[PDB]
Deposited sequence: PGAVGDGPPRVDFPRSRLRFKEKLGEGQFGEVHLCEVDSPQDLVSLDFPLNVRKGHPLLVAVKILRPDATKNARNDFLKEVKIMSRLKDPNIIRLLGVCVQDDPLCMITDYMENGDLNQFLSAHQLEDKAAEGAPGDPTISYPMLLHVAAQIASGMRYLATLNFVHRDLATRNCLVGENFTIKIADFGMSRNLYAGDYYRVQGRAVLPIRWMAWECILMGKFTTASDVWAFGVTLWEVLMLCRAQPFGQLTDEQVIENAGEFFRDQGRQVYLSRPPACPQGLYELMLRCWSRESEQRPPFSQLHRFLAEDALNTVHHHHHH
């Protein structure tokens, strides 16, 4: 347990599910960490959710998953301490880049990104998801808005919840029901509301689509929420009328066919993360 008195709060980094995240400095053995604390309006229910989030995160020990560095001492107000990811949100990060025209033509720091770097980003996500699958842990909300970027394009999977204003349009809300990220959801999750490792694979396919789009458009962006939900009914009925995300400009056909396998009607035909990682790290380099 880490004494709260060793922390110096510096700036607000954003909201989390049941708290708010601040950049902090630590003097003891100028190190920067990210610290989540309870929101100023926190109730008994928020505190309970916060304590359970600490327990969930203590399960997670992988280079491409966020890690809990410590918690505050029992007498202190509740805090969670994690790595400060210098480049922040992956969706906002990729939105600030464009695909390079000629390979290895720019100066260091140019706002461009290469096709092999897009594969490196997606491979790291697949490796973190492979790890969660070995714990039989189901994420339930994989998307670029829930991934973080550190130095040298290192990627960690995280989970900031479904209540942030910046991504409100990514969730479907009906009074009295669970909030749903429908444009990332497998057809069986839309229809029956339960989540599995195989539906995490489907969401990974959408996340991979996002990366190759450089986060320039929402999945199914020209269709309404109601049409996205009806599309799940067309997967169920299986009469060849369902529709899929289109091939991104940066995406060659061979990689697109892997994305299409993530969206198979049958869960067992979707590729495991071990095979998705191997394609992105090796086969995708082929000409």
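Stretches of the deposited sequence lacking C-alpha coordinates, numbered from 1: 1-11, 41-56, 315-321.
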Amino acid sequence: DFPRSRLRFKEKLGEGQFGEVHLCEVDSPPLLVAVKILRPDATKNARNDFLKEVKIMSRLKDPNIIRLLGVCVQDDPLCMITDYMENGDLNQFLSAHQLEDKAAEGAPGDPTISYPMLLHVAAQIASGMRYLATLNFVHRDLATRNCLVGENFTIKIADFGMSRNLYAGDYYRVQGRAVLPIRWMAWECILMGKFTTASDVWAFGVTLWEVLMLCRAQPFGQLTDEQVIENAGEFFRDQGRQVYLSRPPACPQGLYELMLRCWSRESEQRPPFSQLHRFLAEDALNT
From here on, numbers count along this sequence of modelled residues.
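Between two forms, the rigid core is defined as the largest C-alpha subset superposing within 1.5 Å.
Once the rigid core is used to overlay the structures in 9 other deposited structures of this protein, the stretch among 90-98 and 76-84 whose CA atoms lie farther from this form is 76-84. Comparing 48-56 with 252-260 by root mean square Cα distance to the shown form in 9 other deposited structures of this protein, with the rigid core used for the fit, gives 48-56 as the more displaced stretch. As recorded in the PDB entry, 66-74 is the stretch of 66-74 and 252-260 with the greater mean C-alpha temperature factor. The mean Cα B-factor in the deposited entry runs higher for 94-102 than for the other of 175-183 and 94-102. Note on the listed residues 243, 42, 56, 228: the highest Cα temperature factor in the record is that of 42. The top Cα temperature factor in the record, among 88, 128, 108, 205, falls on 108. Compared with the other modelled residues of the chain, the Cα B-factor recorded for residue 191 ranks in the middle third.
For residue 162, the recorded CA B-factor ranks within the middle third of the chain. Only modelled residues enter the ranking. Among all modelled residues in its chain, residue 217 ranks in the middle third by Cα B-factor. Looking at the C-alpha B-factors along this chain, the one for residue 155 belongs to the lowest third. In this PDB entry, the Cα temperature factor of residue 47 sits in the middle third of its chain's modelled residues.
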